[PDB]
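Chains as they are written, first to last, in the entry's author numbering: chain s, 101 to 150; chain a, 127 to 189.
Encoded as structure tokens, the structure appears first; notes follow it.
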């Protein structure tokens, strides 16, 4: 299911996903970007909701 | 030749040799300190060069 909608998911949810990746690639600690991970999941859910 | 010539020559030779002895003892002390502390130009054993490290973005975020 994810792979079928993978391309559209990346296009629609680019900004929240990219922000989270930047956080994990700068803070270098999963305990500092937990909230950013939440936003990615929420935005992913909205993508599938549409 | 005159005796004063040999007198002055002896004085000069004594000064040179004594300074050499002072320098030799000084060198031994300096060498011991450098080899016991590594804070001088001598006895600087090589360490890994930091230039080799690559800071480019890796695959996993937590390096």
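Even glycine gets a Cβ: it sits at the ideal position worked out from N, Cα and C.
By the 10 Å Cβ neighbour count, where 16 or more other Cβ atoms means buried, how is residue i classified, buried or exposed?
i, result
"residue 148/s", "exposed"
"residue 172/a", "exposed"
"residue 116/s", "buried"
What separation, rounded to the nearest whole angstrom, lies between the Cα atoms of residue i and residue j?
i, j, result
"residue 136/s", "residue 122/s", "10 angstroms"
"residue 162/a", "residue 149/a", "20 angstroms"
"residue 131/s", "residue 188/a", "11 angstroms"
"residue 138/a", "residue 164/a", "37 angstroms"
"residue 113/s", "residue 169/a", "58 angstroms"
"residue 133/s", "residue 152/a", "60 angstroms"
"residue 180/a", "residue 105/s", "36 angstroms"
"residue 126/s", "residue 160/a", "41 angstroms"
"residue 142/s", "residue 175/a", "45 angstroms"
For chain a, find out if any of its Cβ atoms is closer than 8 angstroms to the Cβ of residue i; answer yes or no.
i, result
"residue 124/s", "yes"
"residue 128/s", "yes"
Note the first and the last residue of the continuous alpha helix (DSSP H) segment covering residue i.
i, result
"residue 164/a", "Here residue 164/a belongs to no alpha helix (DSSP H), and DSSP marks it neither H nor E."
"residue 140/s", "134-149"
"residue 107/s", "106-112"
Exercise. Quick one, which residues of the segment 167-189 of chain a are near chain s if we go by CB-CB under 7 angstroms, in chain order?
Worked result: Listed by position, the residues of the segment 167-189 of chain a near chain s (Cβ gap below 7 angstroms) are 183, 187, 188 and 189.
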